[PDB]
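In the block that follows, a single chain appears as structure tokens, in the form deposited in one PDB entry.
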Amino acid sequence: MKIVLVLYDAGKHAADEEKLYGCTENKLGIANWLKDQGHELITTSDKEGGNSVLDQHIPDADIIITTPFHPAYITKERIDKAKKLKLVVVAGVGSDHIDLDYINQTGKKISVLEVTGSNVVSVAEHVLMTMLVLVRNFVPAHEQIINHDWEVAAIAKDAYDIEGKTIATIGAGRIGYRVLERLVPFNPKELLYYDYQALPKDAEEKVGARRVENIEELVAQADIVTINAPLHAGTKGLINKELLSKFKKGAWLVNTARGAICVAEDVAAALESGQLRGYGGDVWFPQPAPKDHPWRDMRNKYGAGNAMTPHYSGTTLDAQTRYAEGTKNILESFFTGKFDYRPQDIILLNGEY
């Protein structure tokens, strides 16, 4: 069969690190395995434009493998033209780039799978790291050092411990719950969550969490807020000027979920005015972020409070190993005709939710 694999070109970086599997040069580490299994692998980063390599191969591709770190948009037109398509895989987690609704509506027997669970620890670590970085005022401190300065009071005047703070998560699913688990031994004042379903009782008690019924009440009492929820109509633009005005004055806010959950200029204005002491995360809208995106240059009144990174938390080398292995497992389940997929990996099974 013909498999089309769309990843970014890592360039010189791929030669520097053989465990950077999720790039066109290293091919998820499965190129030989695919060849030994008797299949033809087309690998490309060229995914935009009518004559892109991706579109040249869509008409007879049996399988397409994608990644949220360089997403091939599986659009209505591409689905129409993909006359042999049986399987779409996300080598990772996140299917925003696939028109799942259209696949479902067509009736076509296309399965869509992702490697569920493979990103969650990585993002949860990034959240807790960003919380510590912001609360403890690390960015300007390191900046002093590499600028050949030394002025402890300039850092200490806005540096706190995470101990004793009220910490709230919007969403307590796989990532959010793992964030709460990592926070327990830091002795927060309290861990709180809002979600559309309760944590099971034993899971709630394990982290000492208290559920809050509505988002305004949650943020109003939180020193630190973290967004760990899916993007949908209830969360798109949720973090806007009106809601930000209900946060505690000087709160710290982290978002590793989706950039569009925030209104970008409203977050920036809240950091400049002191409604927030700090903002960080690795998700942006639009993404990749333009050079002028307001979250690049925004700072608090002391010139700090910014712990943004590019979107990379879920593409550490340990996550990439999980993605590559999980992709191989999905592909084996398909090639053998067993279809013994892990239930949690299935997005669509032969077109059906």
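Superpose the two forms; the largest set of C-alphas matching within 1.5 Å is the rigid core. Shifts are known only where both forms have a C-alpha. Residues carry their position along the shown sequence, with the first being 1.
Another form exists, deposited in another entry; not displayed. Remarks below refer to it.
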item	value
Residue showing a 2 Å-or-more C-alpha displacement between the shown form and the other one once the rigid core is overlaid, selected from 134, 262, 72, 172	72
Core-superposed C-alpha of residue 109 shifting 2 Å or more between the shown form and the other one	yes
Rigid core superposition, residue 59 Cα moves 2 angstroms or more between the shown form and the other one	yes
Core fit, then residue 94 C-alpha moves 2 Å or more between the shown form and the other one	yes
Mobile segments between the shown form and the other one [3+ consecutive residues, each C-alpha shifted 2 angstroms or more, core superposed]	1-9, 24-115, 324-353
